């Protein structure tokens, strides 16, 4: 373990988010001091307020889960917002972290910022080797620049700043809105609406609490500069995923290469059919 979190003060930016809240849940267990700021009190695109907040609380560890995220229609109609919000969050936090000597920093990239036609399964060195997908190019540019700005700080100063590249996420605090772009909630939604009515391609899915655990594992064991994929490893088809969904409700590619994270001795622990059913029931309970 290159670094222990116990005793450190950790800032979890975007703690109300899907990823951020999962990191907070994993962190309630550790022996540390957690530090949060609601979106309503601290806009992380504001460089002044962000620097004073970092320079005052002086955390040892920044985990950047604050972001502007959305489906394809939002990305394509609000590119300036998706580029600026995400890029200014990362620049203001990475620069603030470098100025005061923050010991560790975690920036979050994404599977959808690799080149659109990169060979599958996607290794981390596929980054920037070809054209971006146009529909979320603006989001991707923001996440890549933050990643590269973290890399340059590690290069020039030895700042221990790293980027994780997650994949599609599911689990607690997911989006079940009828306008969600998350295929998995949408299936749980559409299949449940069918069973109660009574009327009658490969993909990856990662549980958010596995992602949270992997993010802490990287913080404790990963010292490299290059980014690290956090994938599911167990894939499934839209057809097979449909069967797994309709077979819990009662109703009648995009693959990452995870060699790097596995060489650090991490692999997701929650099974798809196990996490799905746990998500089906608590959608009902509400």
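Numbering follows the first chain given and starts at 1.
What is the count, as a class, of unmodelled deposited residues between residue 200 and residue 201: none, 1 to 3, 4 to 9, or 10 or more? 4 to 9 residues are missing.
Unmodelled deposited residues between residue 31 and residue 32: none, 1 to 3, 4 to 9, or 10 or more? Going from residue 31 to residue 32, the model skips no residues of the deposited sequence.
Tell me which of 102 to 110 and 189 to 197 has the higher mean C-alpha B-factor in the deposited entry. Result of the comparison: 189 to 197.
Mean CA B-factor: is it higher for 276 to 284 or for 1 to 9? Averaging CA B-factors over each stretch, the winner is 276 to 284.
Return the residue from 260, 68, 254, 46 that has the highest Cα B-factor in the entry. Highest C-alpha B-factor among the listed residues goes to 254.
Residue 56 - Cα temperature factor, lowest/middle/highest third of chain: For residue 56, whose C-alpha B-factor we compare with every modelled residue in the chain, the answer is the highest third.
Just say lowest, middle or highest third for the CA B-factor of residue 219 relative to the other modelled residues in its chain. Its C-alpha B-factor, which the entry lists for residue 219, ranks in the middle third among residues of this chain.
Rank-wise, by C-alpha B-factor, drop residue 229 into the lowest, middle or highest third of its chain. For residue 229, the deposited C-alpha B-factor lands in the lowest third.
Is residue 159 in the lowest, middle or highest third of its chain when residues are ranked by C-alpha B-factor? Within its chain, residue 159 is a middle-third residue by C-alpha B-factor, going by the deposited values.
Could you look up the Cα B-factor of residue 204 in the entry and say which third of the chain it sits in: lowest, middle or highest? Its C-alpha B-factor, which the entry lists for residue 204, ranks in the highest third among residues of this chain.
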